[PDB]
Structures are given as C-alpha cells and as structure tokens.
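Enquirer: Protein chains in written order, with PDB author numbering: chain Df, 1 to 37, 46 to 438; chain Dg, 1 to 431; chain Cg, 1 to 431; chain 0M, 305 to 309, 316 to 354; chain 0A, 456 to 556. Quick one: structure below, then a few questions.
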Amino acid sequence: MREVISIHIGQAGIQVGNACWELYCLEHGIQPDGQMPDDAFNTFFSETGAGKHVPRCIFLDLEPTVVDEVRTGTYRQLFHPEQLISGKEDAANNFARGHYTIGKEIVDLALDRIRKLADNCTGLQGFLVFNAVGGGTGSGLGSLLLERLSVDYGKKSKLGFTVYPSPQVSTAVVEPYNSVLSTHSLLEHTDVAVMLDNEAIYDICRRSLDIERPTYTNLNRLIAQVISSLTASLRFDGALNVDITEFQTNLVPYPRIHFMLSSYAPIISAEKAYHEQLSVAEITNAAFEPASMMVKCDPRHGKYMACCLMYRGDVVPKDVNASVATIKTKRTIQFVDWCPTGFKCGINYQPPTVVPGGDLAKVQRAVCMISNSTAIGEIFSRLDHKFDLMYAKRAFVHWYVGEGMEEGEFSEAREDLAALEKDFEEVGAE
Amino acid sequence: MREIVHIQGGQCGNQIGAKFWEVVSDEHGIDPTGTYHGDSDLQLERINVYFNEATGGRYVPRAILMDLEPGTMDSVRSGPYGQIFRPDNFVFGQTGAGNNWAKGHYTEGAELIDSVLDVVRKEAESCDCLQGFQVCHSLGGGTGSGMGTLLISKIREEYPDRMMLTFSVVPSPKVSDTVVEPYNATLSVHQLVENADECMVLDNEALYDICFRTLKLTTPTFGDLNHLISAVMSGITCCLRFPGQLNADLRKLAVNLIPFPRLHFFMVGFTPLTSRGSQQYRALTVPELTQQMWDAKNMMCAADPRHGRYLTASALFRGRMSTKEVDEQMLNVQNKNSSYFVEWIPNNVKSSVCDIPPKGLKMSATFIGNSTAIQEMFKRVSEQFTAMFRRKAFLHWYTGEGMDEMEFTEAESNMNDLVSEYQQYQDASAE
Amino acid sequence: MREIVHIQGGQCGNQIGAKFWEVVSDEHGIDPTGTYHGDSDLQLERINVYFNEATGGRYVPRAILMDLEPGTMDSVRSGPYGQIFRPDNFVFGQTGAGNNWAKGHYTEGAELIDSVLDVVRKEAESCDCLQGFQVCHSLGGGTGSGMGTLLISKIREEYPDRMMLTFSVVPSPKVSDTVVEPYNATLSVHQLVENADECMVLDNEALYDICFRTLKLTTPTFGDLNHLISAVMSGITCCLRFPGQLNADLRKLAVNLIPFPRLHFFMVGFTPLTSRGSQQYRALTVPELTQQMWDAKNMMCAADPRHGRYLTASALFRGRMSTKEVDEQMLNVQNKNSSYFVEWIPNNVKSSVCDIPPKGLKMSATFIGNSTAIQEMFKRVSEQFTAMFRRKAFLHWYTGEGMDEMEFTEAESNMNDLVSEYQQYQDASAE
Amino acid sequence: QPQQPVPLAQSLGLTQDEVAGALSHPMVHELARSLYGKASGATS
Amino acid sequence: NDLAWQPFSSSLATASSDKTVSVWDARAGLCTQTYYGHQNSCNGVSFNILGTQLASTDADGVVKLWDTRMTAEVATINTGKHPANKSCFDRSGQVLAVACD
Ligand SMILES: Nc1nc2c(ncn2[C@@H]2O[C@H](COP(=O)(O)OP(=O)(O)OP(=O)(O)O)[C@@H](O)[C@H]2O)c(=O)[nH]1
Ligand SMILES: Nc1nc2c(ncn2[C@@H]2O[C@H](COP(=O)(O)OP(=O)(O)O)[C@@H](O)[C@H]2O)c(=O)[nH]1
Ligand SMILES: Nc1nc2c(ncn2[C@@H]2O[C@H](COP(=O)(O)OP(=O)(O)O)[C@@H](O)[C@H]2O)c(=O)[nH]1
C-alpha cells in the first residue's frame, strides 16, 4: 500500500544498496535466505505465497563485477536474479558511453523490469534512485533512466540520493565533465535530490566514529541509516507521520530548488556511547552542526529555506518542540525571510536498528535532518570552474564526442549550471 | 567476461609474454599443464579474461605468438610455461628479420600477417565480449617492432572500437643493443601514434636501475626484467579479473589518462619492490606504497618525471586498504608536488582499488603516468635518428626492402610533432 | 607523537650514534633484533619518538647514517646493535674525505647529499609530527664536519620551523688528533652559528677528565666517552619519551636557554657519575645531584664555567622527586653563585622533572648550560686557525677542492663576532 | 608478570572448528576491519 | 582539399575530402566548429570579406554557404553535376563566383 521502488545505478548505487538492504532486512527481521520467522515490509519487500520476501529493488549497472558480487555474496537467495541487471561493457567514466551507446538496451530492459515491479504495487509512494554523479554508468545511464521514468510514469515522486564529487579529493579525472552533464540532466527530472559527498562523510567518520581509515562500507552504512530514517515513517507508526509526498510539499518551495543537504545524528561509536546523555536537544544541535552535514558545504554561507527533521526512537513532541524553539532562537542558524516556520518535524516510535558489523552504536534516539538551503549553490560553483578549466582546452572531450555527443551538449550543461547558480543567488537574496 | 587478446611479437616480446603468462598462471593457480591448482573461487571466477577452457579441465592462454625466426619460440616452448599455449597460435616465418623494420613490416611481415590475422580473428570471435588486445614487443628490432606495428594497424582497421594496449620496450638511452634501434624506434613510433590507443614505454636500462637500486640484485638476467614487466602487466588488468572496491577497466584508465588522442604514451611502475634484506625492514602501508610509487627511481621508463609535468596519473592499488587513505594520499601528493602537475586539470589522479592483492604481497600498487617527461626520450631518439639519417648510414638496407626514403622523414615529422605537443601541454597555462 | 630524526655523521658521529641507539634501545627494552622485551608500559608508550614499527613487532631507529668511507658503518653494522637500523638509511660514498672539510662539503659531499636528503625527507614525511632533527658529529673531521654542516643547511632550508639539535665533538684543547682540526672546526662553527638552532659542545679531553676524576677509570676507550655522550643525548629528550611531573620538550629547552639567536652553544653534563668504590657510600639525593652537576669537573665541555657567566641553564631531572626540593636547590645554587650568573636575568635556571629515571639509576639529572665560558674555547680555536692561516699551511688542499680563500676569512670573522657577543654578555651591566 | 606461588583453548570449551575458523568468522572480519580503520587508536 | 583563414582572425577553415569542413583555432590547435552538410569531397572554401559566411564547394556540384556564428547552413545551392572546384565571395558583396568542370 506504501510501496517504494528502489533503483541502484552504478557501482556506488549498488554498494550503498547493499548496506540499505542489509539494514532493511535487519530492521524487518527478514533473514538473508529471503523469508523471516504486519505488512510493515510492504514498502520495501513483496511477499509471495511461500512466505519468502523479495525486495522491490533493481540493481542496474553496465559492469558485471559489482552485480556478480551480490549474486555470489550472502544476499544471493534474497534478490531477484533478473532484477539484478548486468551489462557487458563498462561506461569507462564516459557519460556519452553510458547515455547514448551502451545504455540504450540496458535502460530498455530496466524500464521493462520497472513496469513489472510497479504492476505488483497497489500504491506507489515513489522511486528511490541511488546513483553516483561522476561516473559514466551512474550519471549517463541514470540520467537516461530518470528521463524515461519522467516521460512514462509521470508524476511519481523520484527521490535521487546522488553523490557529487568532493571539493578537493576525488577518484576520477573526467568527473567534473560527467557530473556537469548529469546535473544538467537531473535538474529537470528528479523531484527531490539529496546531495552526498564522500569527503564530508569521511570527515564525519573520522571525527565522530574515530575511524582513521574510513572506507566505502562505512560510508554506505551511514547512507543506509539515513535512508532508513527517511523511510521509517512509511513502515512504522508514530506521532507526526511524514510521507514521501509530504517531503516535496514541506521541503520544495519552487520546482528548480529541490537539492537537499542531509545530516544524521548521533554518530557515535559504542565506546563513546552511554557516555553522554544523548537528549533530543543535543541530537538536534548535532544534526544542525555543519560538520554533521554529509556535503562539504558550510550552511553558514547560505540561509536555510526548509528543514525536515525525522526523529526515530524515544522522542516526545515536547522535546522536539523545545529543541526546534532553541534552534529558531539560535543566531548562527539563519533562515530566509520568506519562510517563517521552515520546519517539518516528524517523529517515529521505531528506534534505529544497529547493523552487527557496523560502527554505529545502539542509540535509542536518532535525527535525520534534510534541509533545503541556498548554501548548496557553492558545490555547483566549485564544479562550474572545475569544468570550464578543462573545457577551455577541450581535454578528454574527444572521448565524449566519440560516443555520439556534441560540444553543444557541454555548452548547454555549463549554461544550465550557471542558470542554477543564478537561481540560488536570487532565492538567497531578498 | 571482458576478454583480452594477448599478442607477443619479436624475441623480447615473446620472452616478456612468456614470463607474463607464467606470472598470471601463478596468480590464478594454473600449472604449466593447464590444470587449476589454486583452491580459491576468485581465481576461477574471472579466468575467462585471459584463458579459455579446453575439452577437459585444461586452461589455455588467449595468446598469439609472432615471429619470423623459429629459434625464439623454440625457446618459448622450452620455457617453464611453454606448454600452455596452443600449438596453432605459434605463427612463425623462416628467415628472421635482420633487425630491419622494413623487412618485418613490408617484405617478410606481409606473408605471415595473413596467419597472424587469421588466428587473431579466430581468438577474438570466440570471445563473448572483447575489451581489446594487448601487444607486448620491443621497439628497436626488426620482427618485433615492424611486424607488430603492422598487426596493430590491421587490428585497428578491423576493430576500431576495441581497446588497443601496447607494451613497447623502447631502446635505452645510454647503452644501446643494436645499431639500427633509432631507425626501428622512429618507424614504430609513427605507427603507434596513429594506431595504438594506449601505450606503455619500457626501458631495459631503467629496469636495470630499478633492479639494482631498489631490489639490490647483483646479477639480474633478462628474466628479472621480464618479471617486473609481467608484474606491471598483470596489475594493469587485475581489476577485470578480480572484485574491486573501486574497480576500473582498461577503457576507464585510458579515458582518465588520455587528454588528447596523440598523448597516449605512458610510463609505468610497480610497488612494492623491496630488497630481500630490507623486506622485514619495510612496513607495508599505503603511504609507503605511494612514496615508492611516485619516486622517479621506481619508474620503468628512462625519462624522469621531475623534468616534465604529470598530465595525468592512474594508480591501481590492490589489497585490504582504505579508500579514504588512498584518496587522501593521492590528493596530498598532488598538493605537495603541485609544481609537477598540470594546472588546467583540477584532479590529475585516477585512483582504483582492487580487493585481491598479488600472492604473497599484502598490498601492491601499479602506477601509469601520462607526463610530458617522455618528450625527452622522444627527443633523444630524434637526436640519434637525425644523426644517422643525415649521412644515410644503414639506410640502404631499408631501401632495398622497397621502402621509400620519404617514409623515414614522415615518421620523424610525426615523432617531432608529438614532442611539440608534449612541450605545448607542459608549458600550457590556465586561462 | 613528536618524532625526532637522528642523523650520524663521520666516524665519531657514527660511533656516538651507535652507542646512543644502544642506550635508547636498552632504556625502551628493545633487544638487538628489535622485538620489545622490556616489560614496562611507559617504555612502549612513547617509543614512536625514535622508533617506527616494522611488519612484525620490530622497532627500528629513525636514524640516518652518513659517511664517505664504508668501513666505519661496516663496523657499525658489526656492532652489538648494528642490525636494528634500517639498511636503506645507511648512506655512504666510496672515498672518504681526507679530514678535509672542503672535500666533505663541496666536492664529494655534493653527490651524496642528494641521497642523504632523500632519506631524510622520507623519514620526516612518515612522521606524524616532527619535533626536529638531532645530528651527532665531530668538528675537526672531513666527512663529519663537512657533510654535517651541509646537511644541516639543507634541513634548515627545507624545514625552517622544525627544531635542530647538534652534538658536535669540538676538537680537544690540548691534545689534537689531526692537524687540520682548526680549519675544519673554524669552517663548521660558522655554519652551525647560522643554521643550528641548538648546539651541544663536547670535548674528548673533557670526557677523559670526567672519566678519570669522577668515574676514576683506568684505560677508558672511546666506547666510554660515547657512552657518556649517549647518556646526555638520552637525558636531554627523556621528557618527550616519559611522563614528567614538569615536562619540557626540546623547543621549551631552547626557548628557555637561548636569550639571543646566535648564543645557542651549550655545555652539558650528566649526573650521577660516580666510581665503583664509593657507589654504596654516595648519598642519592637532589642536593647531591645539584652539587655534582654545577661542578666544573662534571662538564663535558673543556671550558670551565668559573671563568665565564651563566647566561642560562636548564636541568632535566629524572626520578620520583620533590619539585620543591629541586627548585629550592637550584634557587640556592643561584643565590650562592650569583657572581657566576648574569644579572639582567632574574632566574637563570629552567627546571624540568621527569618521572622515569634511567635504568639502573635511582635518580638522574642532565644539565645544559649556556655560559660565556665557551668564549675561551672558541678563542683557542681561533688562536690555532690564525696561526696556520697566517702562513697558509695546508690551505692548498682546501683550495684545490674549489672553495675560495675568502670563506676562511669569513668563517673566522663570524667566529670572532660570536666570541665578542659572548664577552659583551659576560660584562653587560643591568640598567 | 608477577610470580605465582590450563590452556586458554581448553578453557571455555572452544571447539576445533571455532579455533580453525576464528579469523574466518564474519564478525571477526568486521572486528579486524574496525581495528584497521582505527589506526593507532585501535588499542585505545 | 582546401584551406582559408577567417578574415583577420586566428580561425582557419579547412575543407577535406571526408565531406567535412572544419574551422580550427590556429593558436590553440583545436576544432572550434565542424560542418557535415556535404555529401562528397569538399574541394574548396571561401570566406565573406567580413567573415560572416563561408562558401564550401563539393565534388558533386553542391555549394553550401554556412553562417559563422549561427553554425548552420544558410544556403545550399547546386550547380551542374560537374564538380564546383573553388569559389570566391564578392568584395563586400552578395555574390559568390564558383568554378565548375
Ligand atoms: N559514497 C560512496 N561513493 C562511491 C562508492 N563506490 C563508488 N563511489 C563513487 O562512485 C563513482 C563512480 O561510480 P560508478 O560510475 O558506478 O563506477 P562504475 O560502476 O565502474 O561505472 P563507471 O565508472 O561510470 O564506468 C566514484 O567517483 C566514487 O566516488 C561507495 O561505496 N560509496
Ligand atoms: N626486457 C627484455 N628485453 C629483451 C629480451 N630479449 C631481448 N631484449 C631487448 O629487445 C631489444 C630488441 O630485440 P628484439 O625486438 O627481440 O629483436 P627481434 O625479435 O629480431 O625483433 C634488444 O635491444 C634487447 O636488448 C628479454 O628477454 N627481456
Ligand atoms: N668521543 C669519540 N670521539 C671520536 C671517536 N672517533 C673519533 N673521534 C674524534 O673525532 C675527531 C674527528 O674525527 P671524524 O670527524 O670522525 O673523522 P671523519 O669521520 O673521517 O671525518 C677525531 O679527532 C677523533 O679524535 C669516537 O668513537 N668517540
């Protein structure tokens, strides 16, 4: 009745999907074999007559290795083999390769399976697209898939949990190129886009979890906890229920402005746990701390427009009200003049489940703050010069041209990102 | 399921390829008789990248051996892994090329190229999906350089979209083996520029320097140099054969490495190369691997990076390691050595991580650098080629094979233009 | 977690460093194989200040061993703790400097200094935080003085903020070993004044004095002098390695010791040095330690403090002791000997207390005194340098290495200026 | 180690399978991953 | 097959037998623009005296006038089936003179 279709595109999408689905299995009691020893799972799993539960997810990638890792690992009897879709040739960090030449047949099969999945859902809250902006598979194929979904499904709410390149640290070289292309693509298709940065999550792990060597598994576990907190109100009852449709209404002031900073709290290891009180006010403050942001974007530079807080566990409305009143009275936290309330508080009675093998402690309270703020334009500003610096020499441009793109596409993407910068400046200004 | 067609050309290329296949079979637990004896699922998981299954349990390399004289490939069959290769993939002439590029490319290479292409097509079609071809040979020799460049041209004609990778042993700066090395190298560079999508430059003298300074060997035979080259050639494609935390195939490496199509010559290195005495005296950490990797002594190319500027650099790490640790190491290297990195590219490092380290080594890292430093190597080869060509010494041997004199000057012009492009992007300023 | 990079230079420097590393390994419970065998947590708590962990439990010094002749470090490797050192940190040439500072600084030191700087930079970059470098060497020797001064200049250029500590074995006043000791010492002091942040001056004859008069030894070899120098070198930095009731790092010592930048030459001494016979008989108390340390005979510097005036003086005590007792003893020393202490500094004593005494000793205390007494030492070295330089004896050996005669005059002028500053602050009056 | 005026495996009844797969357990693998992540602070 | 500098500019327009007319930056060395309108070997190119338009001839007799900044085909005209060879813009004029076989 509250089904949500999960899409995981590219290596990063699949690797965060592994953590997400392990977390969902742990939360709902579903064993990795597929079945558990009501109907709260229906959002993420569809049950069969035999009692065995299959997730409503689709693992899309043009490379076979990542998907075969899932096919060989513990969750081989859980997922649908055809829902795991594997390509033959990788996109090789080429947006054109993933969007024009290789991605065609793969996206056709993906839409086929997505139709089959949506046909099994009475209701459909929306799509959760988890991809990696900065890679040919994630950016190009993901952009094509989002465009097709917008064309055919229509008004279904697509929430894109995208991972943009970090300000200074990165793993690719053409990452500004394909990131600009995919941002051009997804400015007009996704309904609410959640920004994530590897550098910011690395900093969170290093400072809060005391992990001197954070890794992709830790990053994915944090992202999985955040998405679980986001979807908790769909699956578990509690005071002040918040919905996928209500995210857009209480978070998106205008259709272009729908990019969101995400921050989880508390992030504490068990050795540091039960060593602080972890009250509602303190976890709210931690969630509003700039270091707790999962994007290398200081909110002090900009102004908050909206903030949806998702409380999990033993949280009382009096405490959320007191904490939010303190936040409003706080001076460093600054809101736009045209949004006096700017807050969407929603509580859930289900505490965040702890993944065995993870670093997170078993905490009875949690906050997931997803905020629309004009500061997010800074990351686009960074990519806008990282792009044009290479584009001046047309470096690596032959690679993108070879798979059927044009200089006009790069020009249009750069112009649209400049327009997005201007829109962020205009919404920030009085 | 992304197959690679390995081709060996010339005596040096054949020996290097044999050592490479020995190393790969050791990594995958394949005995010289073809049977798997590794006792590990991951070894057999992606064995089809390099090998094909026979009627029984035998696993055969997807290797094609090319030569004009049969002595070198007789030694190939006498080698430790001489029995894995199919006898049909040995393509041999009868009169070897007398270190003559013209002989190996026009007169004697023309006839045998029929069989070479027939075998290449037979091996390529049987592949489900083909990543591309990798050709190991030595610039500065008749059959290897000439015949290999002819094959590369033919394969580029047949499969334009498929990847082309070359491991060329460029003639060494100080000590040269044969007299006509500048001629053969100049002629082969002209072909590699136009045809080869991705090319690695190797030098026997650089290999001697690394094996005498880092490994501290006293009498390194050619087997040891082939061993180091084989380590690099395995490490470049370990991401296809093994699961990776952040995997990167050959095409991804080329995309992140090559800014412009003609600047596709790369200088490679392998870590950790540790002397036997100091094996207990080295602590295997990601910073130590990066410190050795960015050292100019570890480069297997004669040109040192300090003279030029790094256009791009890919680092494929293997082993249980932190993505944060690796990424921070490479960012810190860039920040510390911002002088040696090109300004108009915001990030000059393509970092990849694989979960399978080589046997025995807890961690490893292979480095593939596209830098303007190779300009000085091409400049030295030009300084030799022009000196010999002005007096036209040994030119009559290439002329008697039906090669026009204008072809030499065309090759020299192409190589000089490549030098000019390298200088242009070495001294190019942002904005 | 504040690391120190140790460097040994020349024959004397290498042997002193070997003895020092033996002492430090004994203090930290490190066997010659590097495994920890100490059975005390504080030993391993701050072992990273000097040692790095290998693949196993092995702990290796952060030491860099410099020379131009190989026999000295062949002996170093043959020594009791010869195999703890990283083999890569042994940088040696082929032909030694014939006691020629010119050879060790300009001709032969130029080639090897690049490798030395590479090793030093590799050791420094691995450090989490770097307190600084300590260079143990001997003024009055070719490779020692030359390479030490050159390396100190290079390290000062690369890491200006990081601390620099020197243990220079100044040539003895009365009995000189080699003829060109005045030349080497004069050329090295000029470099040390400009570059070295903190300098300890040591004399073989002063050590011989302490070993006949305090220690009452009979035929003490160089091992004993190196042992005492090692004791001082350990005790100066024991506050970094062990918890202290009032701890003080090298930078704190330098800040409290150096009133003006050029007056950074210090005399040092160790307590308690007693003979075997009176060991049962001597009272192990803070006043006894103070009485011994403030004695002129306890100094490892030839110059006696009675002639000069104490500009500053730091005392680092080791052992569970009363801070009141220490402070009262040293205040009493100042009040009693106010004639020997500079008037325009209200307190000329920097007291540091560490909670861990050296092994075997109930208590200890190391002394570092900045006094104008060293003026007479520099004056004597100038008296010899001028005597030779007037007739230009042996000057041609240095001139043939490509250094101007003008360098000798500049070094003499700088050294005389330092002497003049010492006299000025000896006879400066308050207000 | 003080003077004291039987095997750990024998104590607690650890089975041979547990001894063999001690480092092969997924929980122990996660513990090793956490220990490696906390470099030099693992013993804190 | 043909080469012509853009009037008073560092741009260079070259027409090749690959049915393409490509405009490059001489200093940078990169292809700023490319035109694929032709169906045969492009024998010649000519510029308007101001640089507004470029007339590129074709082996089949097609002469295509492209706009410099619009980067679009303004006027595709056909002479006889014989090749058009080389062309010339009128001096500050609206006329194009084309050769022919
Ligand atoms: N946060 C996070 N990011 C990841 C993770 N894995 C990969 N990424 C990011 O994902 C980007 C590339 O992902 P993909 O495009 O899917 O890589 P791929 O599957 O080989 O596809 P292509 O690279 O486009 O050929 C990299 O730039 C990484 O920054 C992960 O586990 N966590
Ligand atoms: N690394 C390596 N280099 C070799 C080996 N054998 C020959 N070479 C070098 O390869 C260069 C070219 O010889 P080669 O191409 O094999 O001659 P060809 O077979 O007639 O073309 C010579 O200068 C040799 O120094 C080998 O086994 N290993
Ligand atoms: N304390 C001490 N002094 C030494 C030792 N070896 C040499 N010396 C003295 O140090 C002085 C300088 O010698 P040195 O610089 O080591 O010679 P070099 O290494 O060839 O330059 C000599 O005059 C010796 O008297 C030693 O082991 N201990």
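By construction, the Cβ of each residue, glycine as well, lies at the ideal position given by its N, Cα and C atoms.
The alpha helix (DSSP H) with residue 89 (chain Df) in it runs from where to where?
Expert: Premise fails: residue 89 (chain Df) is in no alpha helix (DSSP H) and is neither H nor E.
Enquirer: 8 Å is my cut-off, CB to CB: does residue 509 (chain 0A) come that close to chain Df?
Expert: So, not an interface residue.
Enquirer: Pull the bridge partners of residue 374 (chain Df) from the DSSP assignment, please.
Expert: In the DSSP output, where bridge partners are listed per residue, residue 374 (chain Df) has 320 (chain Df).
Enquirer: Only counting the same chain, and skipping five residues up and downstream in sequence, which positions put a Cβ closer than 6 Å to that of residue 213 (chain Cg)?
Expert: Taken in chain order, the residues that qualify are 297.
Enquirer: Between residue 323 (chain 0M) and chain Dg, is there a C-beta pair that is closer than 8 Å?
Expert: No, no contact with chain Dg.
Enquirer: If I follow the unbroken beta strand (DSSP E) through residue 184 (chain Df), where does it start and stop?
Expert: Looking at the DSSP string, residue 184 (chain Df) is not in any beta strand (DSSP E); the run it does join, the alpha helix (DSSP H), is 183 to 194.
Enquirer: Could you check whether the segment 227 to 240 of chain Dg touches the segment 15 to 28 of chain Dg, counting it as contact only if at least three pairs of C-beta atoms, one from each stretch, sit closer than 8 Å?
Expert: Result yes; three or more Cβ-Cβ pairs closer than 8 Å.
Enquirer: Could you please tell me which residues of the segment 353 to 369 of chain Df, in chain order, have their CB closer than 9 Å to any CB of chain 0M?
Expert: The segment 353 to 369 of chain Df vs chain 0M, Cβ under 9 Å: 364, 365, 366, 367.
Enquirer: Can you find a CB in chain Dg that lies within less than 8 Å of the CB of residue 347 (chain 0M)?
Expert: Residue 347 (chain 0M) counts as touching chain Dg.
Enquirer: Leaving out the 5 sequence neighbours to the left and right, which residues in its chain are closer than 7 Å to residue 428 (chain Dg) when beta-carbon positions are compared?
Expert: Excluding sequence neighbours, residue 428 (chain Dg) sits near 344.
Enquirer: Taking the Cβ atom as the reference point for each residue, do residue 376 (chain Dg) and residue 303 (chain Dg) lie within a distance shorter than 8 Å?
Expert: Contact: yes.
Enquirer: How many Å lie between residue 252 (chain Df) and residue 165 (chain Df) at the Cα?
Expert: Answer to the nearest angstrom: the Cα atoms are 7 Å apart.
Enquirer: List the residues that DSSP assigns as beta-bridge partners of residue 2 (chain Dg).
Expert: Paired residues: 129 (chain Dg).
Enquirer: Just curious, the beta strand (DSSP E) that residue 343 (chain Df) is in, first and last residue?
Expert: Counting along the chain, residue 343 (chain Df) falls outside any beta strand (DSSP E), and DSSP gives it neither H nor E.
Enquirer: Rounded to the nearest angstrom, what separates residue 131 (chain Dg) and residue 48 (chain Dg) at their Cα positions?
Expert: Answer to the nearest angstrom: the Cα atoms are 12 Å apart.
Enquirer: According to DSSP, is residue 456 (chain 0A) part of a helix, a strand, or is it coil?
Expert: The answer is coil: DSSP assigns residue 456 (chain 0A) none of H, G, I, E or B.
Enquirer: Can the beta-carbon of residue 115 (chain Df) be found closer than 8 Å to that of residue 153 (chain Df)?
Expert: Yes, they are a contact pair.
Enquirer: Measuring alpha carbon to alpha carbon, tell me which of 98 (chain Cg), 320 (chain Cg), 73 (chain Cg) ends up nearest residue 86 (chain Cg).
Expert: Of 98 (chain Cg), 320 (chain Cg), 73 (chain Cg), the residue nearest in Cα terms is 73 (chain Cg).
Enquirer: Determine the direct distance from the alpha carbon of residue 92 (chain Cg) to that of residue 70 (chain Cg), and round the result to whole angstroms.
Expert: One C-alpha to the other measures close to 6 Å.
Enquirer: Could you tell me whether the Cβ of residue 422 (chain Df) comes closer than 8 Å to any Cβ of chain 0A?
Expert: No, no contact with chain 0A.
Enquirer: Mind checking residue 276 (chain Dg): buried by the 16 CB within 10 Å criterion, or exposed?
Expert: Residue 276 (chain Dg) is exposed by the Cβ-count criterion.
Enquirer: Would you identify the three-state DSSP class for residue 313 (chain Cg), choosing helix, strand or coil?
Expert: Note: residue 313 (chain Cg) maps to strand in three-state DSSP.
Enquirer: Is there a C-beta anywhere in chain Dg that falls below 8 Å from the one on residue 161 (chain Cg)?
Expert: For residue 161 (chain Cg), the answer is no, since every Cβ of chain Dg falls outside 8 Å of its Cβ.
Enquirer: Strictly under 8 Å for the Cβ-Cβ distance: is residue 76 (chain Df) near chain 0M by that measure?
Expert: It does not: the Cβ of residue 76 (chain Df) has no partner Cβ on chain 0M nearer than 8 Å.
Enquirer: How would you label residue 268 (chain Df), buried or exposed, when you count the other beta carbons within 10 angstroms and need 16 or more for buried?
Expert: Burial call: buried.
Enquirer: Please report how far the alpha carbon of residue 432 (chain Cg) lies from the alpha carbon of residue 418 (chain Dg), in whole angstroms.
Expert: The requested residue 432 (chain Cg) is not part of the displayed model; chain Cg covers only 1 to 431.
Enquirer: CB residue 242 (chain Df) to CB residue 4 (chain Df), shorter than 8 Å?
Expert: Yes. Within cutoff.
Enquirer: Would you list the residues sitting across from residue 314 (chain Df) in a DSSP beta bridge?
Expert: Residue 314 (chain Df) pairs with 380 (chain Df).
Enquirer: Under 8 Å between beta-carbons, which chain 0M residues line up against residue 322 (chain Dg)? List them in chain order, please.
Expert: Within 8 Å Cβ-Cβ: 346, 347.
Enquirer: Hey, is residue 177 (chain Dg) close to ligand 2, as in C-beta under 7 Å from one of its heavy atoms?
Expert: Residue 177 (chain Dg): yes, Cβ under 7 Å from ligand 2.
Enquirer: Please report the distance separating the alpha-carbon of residue 91 (chain Df) from that of residue 65 (chain Df).
Expert: Roughly 7 Å between the two C-alpha positions.
Enquirer: Please compile the residues from chain 0M whose C-beta is within a distance smaller than 7 Å of the C-beta of residue 218 (chain Df).
Expert: Correct list: 348, 351.
Enquirer: Helix, strand or coil: which one does DSSP assign to residue 267 (chain Cg)?
Expert: The answer is strand: DSSP assigns residue 267 (chain Cg) an E or B state.
Enquirer: Closer than 9 Å by beta-carbon distance: list the chain 0A residues that pair up with residue 123 (chain Df), in chain order.
Expert: Those do not exist, as residue 123 (chain Df) stays about 38 Å from chain 0A at its closest Cβ, beyond 9 Å.
Enquirer: Whose C-alpha, out of 507 (chain 0A), 470 (chain 0A), 486 (chain 0A), 550 (chain 0A), is nearest the C-alpha of residue 493 (chain 0A)?
Expert: Out of 507 (chain 0A), 470 (chain 0A), 486 (chain 0A), 550 (chain 0A), 470 (chain 0A) has the C-alpha closest to the C-alpha of residue 493 (chain 0A).
Enquirer: Please confirm whether any heavy atom of ligand 1 lies closer than 7 Å to the CB of residue 179 (chain Df).
Expert: Yes, ligand 1 has a heavy atom inside 7 Å of this Cβ.
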